[PDB]
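Chains as they are written, first to last, in the entry's author numbering: chain C, 1513 to 1568, 1645 to 1697; chain B, 570 to 644, 678 to 712, 767 to 857, 915 to 956, 970 to 1058, 1096 to 1121, 1154 to 1164; chain Y, 1214 to 1233, 1283 to 1309.
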Amino acid sequence: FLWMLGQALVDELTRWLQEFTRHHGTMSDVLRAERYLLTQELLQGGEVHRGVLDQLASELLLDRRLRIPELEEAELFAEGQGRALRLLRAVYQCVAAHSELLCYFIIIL
Amino acid sequence: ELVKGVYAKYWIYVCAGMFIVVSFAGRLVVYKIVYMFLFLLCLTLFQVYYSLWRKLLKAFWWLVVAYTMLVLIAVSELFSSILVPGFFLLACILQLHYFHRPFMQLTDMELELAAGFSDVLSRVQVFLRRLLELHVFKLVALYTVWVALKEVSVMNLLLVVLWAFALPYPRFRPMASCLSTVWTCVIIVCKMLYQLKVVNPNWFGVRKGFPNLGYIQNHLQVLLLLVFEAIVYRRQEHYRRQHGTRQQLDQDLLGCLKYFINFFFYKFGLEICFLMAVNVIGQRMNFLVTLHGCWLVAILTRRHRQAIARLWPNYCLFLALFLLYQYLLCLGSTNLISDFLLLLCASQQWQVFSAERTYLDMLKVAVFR
Amino acid sequence: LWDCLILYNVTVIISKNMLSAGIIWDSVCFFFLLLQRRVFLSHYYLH
C-alpha cells in the first residue's frame, strides 16, 4: 500500500540522516549523554554534579560508568516512536551537526 | 413507571409555562406578577432560607389558594378568561389535591459503556455547575450584559450595588443573588405598566418602558438564569446530602491535565489578572483606563507575590468602585463588561491569594528549557 | 532582566493607552514574558 511504502521510506530517511550526524551523535554520547538531561522531576537535585557529569578518544568505552541510572531512559520514548517523531529527531540532529552549512544556505537564500 | 413520580414532581415548571401564557394576557400588570413572578418569588423564598430548598410548602400551598380565588372571582372574553386561567388553575388545584410532596415535600434537604460515559459526563459538568465556575461567573456575565450593555440607569441595583461588592467579598455572594432575583422581579412588575399613561414630560435617566415585548424581553432572561443556577445547585446539594495536587503532575499527560483543570486560577490567576488589565486597556484606550494601567504598574512593581497580596484588597476595592462610577457616568457599555471581567478575575484571585494558598517529560522539556 | 523587559512591555501598552498599530501583539508578548518570568523556578528550571 502507498501508506506502507511511505513508512518504510521514512525509516530509510532516518537511517540516512543518522549516517550524516553519526560523528556528532557519538560526540554527544561522550559528552551530552552526561550533559543535557531535563528529566529529573519533583523538587531540586540532591547530588547536583553526580547526577549529571558523572552519570550512566572519539569513541570512548567504559571509562566513566555503565548504564546505572538507565542509559535507555532517553532511548525509551525515543525508540518508542521510531516512526514520525524519530524522523524529526533525526532532522534536528542533522541541522545541529551541520549548523554552519545551514547558516550558509539561509544567507544565499 | 418512573414517569408517574416524575410528573408528580413536574408541576413547578408546568405552571411556569402556563404563567407564561398568563403573561401578556389578562392583566398586563397584576397577572404577570401574581402568577409568574410570585411563583418566582416563592422560588426565592425557599432559596433564601438556605435550608428549605424545595421544602417551603406553606406559601407554596397558598399560592394555589390565591390563584383559585382569582379564578373564582373572575377568570369570547368571559369565555376567554375562564378557559385560559382554568387551564392553569386546573394544574394548580391538582397539586393541592394530590402529589404536592414530590416537588415541595420530597425533594428536600433535611445501558452499556457509551451510556455509562454519558451519565458520568452529566455529573462532572454538574459538579462544575455546583462549583464557583457556574455558581457565580456565568450568572454575573449575563447580568452585566443585560444591565450595563442593555437597559441602563435604574438597573444599577441589579449590578453595581450588588455584584460590584459581592464579587470581591463573597460572604454575601448568595444573598446578593437572592436579592437580585427579588429586584428584577420588581423591575418587571414596574415596567409592566409601560410608561405611556398620560406622559407629562423624577429623573434617574428615565428611558421609559415604551416597547411591550422587546422591553420585557431581557430582565426575565436573567431571572430565569438565577433560577437555573439555583436548580443545579440544590440538585447537587441534595445529591451530597443524600445519594492530583502535584502528585498527578509528574505522572503523565493525563496527570498534568487533571492538575491544571482543577488548579489553574489557583496559580495562574495573578498572571491572568495582569493580562485582563491589558485587555481592558486595549478595549477602551480612554483616560479612565489610565487608572487601571496605573494600578497595573503598581502591582507589577510589587514583584514578590507576598507584597502583591497586601495590595490586593485595595486593588479589588478600586475595581469595584470603578464599576460603580462607570455606571453613574453612563447613567447620571462594553467597557463596563471589561472592568467586570477584571473585577471577577481579581476577586477570585483575592479569594485564592490569602486563602487557598495560605513522554510528558518532552512537554516539560519545551516549557522548561 | 526579565522583569525589566516586562516593564518595557507594560510601558508600551500604557503609553498606547494615552494615544492622543495596536496592543494586540504587545499583549501576546506580555503573556509570554509573564510565562517565562514565572517558569524561572528554583526547582524545574533549577534542573
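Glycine included, each C-beta is placed from N, C-alpha and C at the ideal position.
- Message: Restricting to Cα atoms, I'd like to know which of C/1525, C/1555, C/1646 is closest to residue 1536 of chain C.
- Response: C/1646
- Closer than 7 Å, Cβ to any Cβ of chain C: which residues of the region 970-984 of chain B, in chain order? 976
- Taking C-beta pairs closer than 9 Å, name the residues in chain Y that residue 1029 of chain B reaches, listed in chain order. Contact note: residue 1029 of chain B reaches chain Y through 1216, using a C-beta cutoff of 9 Å and chain order.
- Anything in chain C within Cβ reach of residue 775 of chain B, meaning under 8 Å, just list it in chain order. Per Cβ cutoff of 8 Å: no residues; residue 775 of chain B is ~35 Å from chain C at best.
- Between the C-alpha atoms of residue 1102 of chain B and residue 950 of chain B, what's the straight-line distance to the nearest angstrom? Counting only the Cα atoms, residue 950 of chain B lies some 32 Å from residue 1102 of chain B.
- Message: Taking the alpha carbon of residue 1035 of chain B as the reference point, which residue from B/597, B/1110, B/1002 has its own alpha carbon closest?
- Response: B/1110
- Item | chain Y residues whose Cβ lies nearer than 7 Å to that of residue 1160 of chain B | Under a criterion of Cβ atoms nearer than 7 Å, no residue of chain Y is adjacent to residue 1160 of chain B; the nearest Cβ is some 10 Å distant.
- Task: Express the C-alpha separation of residue 1684 of chain C and residue 1678 of chain C in angstroms, rounding to a whole number.
- Result: 10 Å
- Tell me whether residue 699 of chain B is buried or exposed, calling it buried when 16 or more other Cβ atoms sit within 10 Å of its Cβ. exposed
- What residue from B/591, B/1157, B/1024 has the CA that sits closest to residue 1673 of chain C's CA? B/1157
- residue 1038 of chain B to residue 612 of chain B, Cα distance in whole Å? Spanning the two alpha carbons is a distance of roughly 36 Å.
- Within this structure, are the beta carbons of residue 694 of chain B and residue 584 of chain B separated by less than 8 Å? Yes, the Cβ-Cβ distance between residue 694 of chain B and residue 584 of chain B is below 8 Å.
- Message: Distance cutoff 8 Å, beta carbons only. Does residue 1261 of chain Y sit that close to anything in chain B?
- Response: There are no atomic positions for residue 1261 of chain Y here, as chain Y continues from 1233 directly to 1283.
- Since residue 1557 of chain C meets chain Y, which of its residues come closer than 8 Å, beta carbon to beta carbon? For residue 1557 of chain C, the residues of chain Y that pass the 8 Å Cβ criterion are 1308, 1309, in the order they occur in the chain.
- Query: Helix, strand or coil for residue 915 of chain B per DSSP?
  - Reply: coil
- How would you list, in chain order, the residues of chain Y whose beta-carbon sits under 8 Å from the beta-carbon of residue 1550 of chain C? 1309
- Are the CB atoms of residue 791 of chain B and residue 636 of chain B nearer to each other than 8 Å? no
- From the beta carbon of residue 1304 of chain Y, is the nearest beta carbon of chain B less than 8 Å away? no
- Query: By the 10 Å Cβ neighbour count, where 16 or more other Cβ atoms means buried, how is residue 1010 of chain B classified, buried or exposed?
  - Reply: Buried, since its Cβ has 16 or more Cβ neighbours within 10 Å.
- Message: Determine, for residue 1163 of chain B, whether the minimum Cβ-Cβ distance to residues of chain C falls below 8 Å.
- Response: yes
- Item | Cβ-based burial, residue 924 of chain B [other Cβ within 10 Å; buried from 16] | exposed
- Message: Can you give me the C-alpha to C-alpha distance between residue 1534 of chain C and residue 1306 of chain Y, rounded to a whole angstrom?
- Response: 31 Å
- Message: Rounding to the nearest angstrom, what Cα-Cα distance links residue 1057 of chain B and residue 1000 of chain B in this structure?
- Response: 29 Å
- Which listed residue (B/1099, B/1053, B/691) has its alpha carbon closest to that of residue 641 of chain B: B/691
- Task: Compute the Euclidean distance between the alpha carbons of residue 1132 of chain B and residue 820 of chain B, then round it to the nearest angstrom.
- Result: No atoms of residue 1132 of chain B appear, because in chain B residue 1121 is followed directly by 1154.
- What's the gap between the Cα of residue 614 of chain B and the Cα of residue 973 of chain B? 44 Å
- Query: Within the 8 Å Cβ cut-off, does residue 1053 of chain B reach chain A?
  - Reply: No chain A is part of this structure, whose protein chains are labelled C, B and Y.
- Task: Drop a sphere of 10 angstroms on the beta-carbon of residue 1566 of chain C, count the other beta-carbons inside from all chains shown, and report buried for 16 or more, exposed for fewer.
- Result: It is exposed - the Cβ of residue 1566 of chain C has fewer than 16 other Cβ atoms within 10 Å.
- Query: Looking at the C-beta of residue 710 of chain B, does it have a partner C-beta in chain C at a distance below 8 Å?
  - Reply: no
- Terminal residues of the continuous alpha helix (DSSP H) containing residue 603 of chain B? That residue, residue 603 of chain B, is in no alpha helix (DSSP H); it is neither H nor E in DSSP.
- Item | Pairwise C-alpha distance: residue 843 of chain B and residue 850 of chain B | 11 Å
- Any idea if residue 587 of chain B is buried or exposed, counting beta-carbon neighbours within 10 angstroms, 16 or more meaning buried? buried
- chain Y beta carbons: is any one of them nearer than 8 Å to that of residue 1058 of chain B? Output row for residue 1058 of chain B: interface = no.
- Enumerate, from N- to C-terminal direction, the unbroken beta strand (DSSP E) stretches of 3 or more residues contained entirely within the region 995-1043 of chain B. none
- Message: Taking a contact to mean a Cβ-Cβ separation below 8 Å, would you say residue 805 of chain B touches residue 837 of chain B in this structure?
- Response: no
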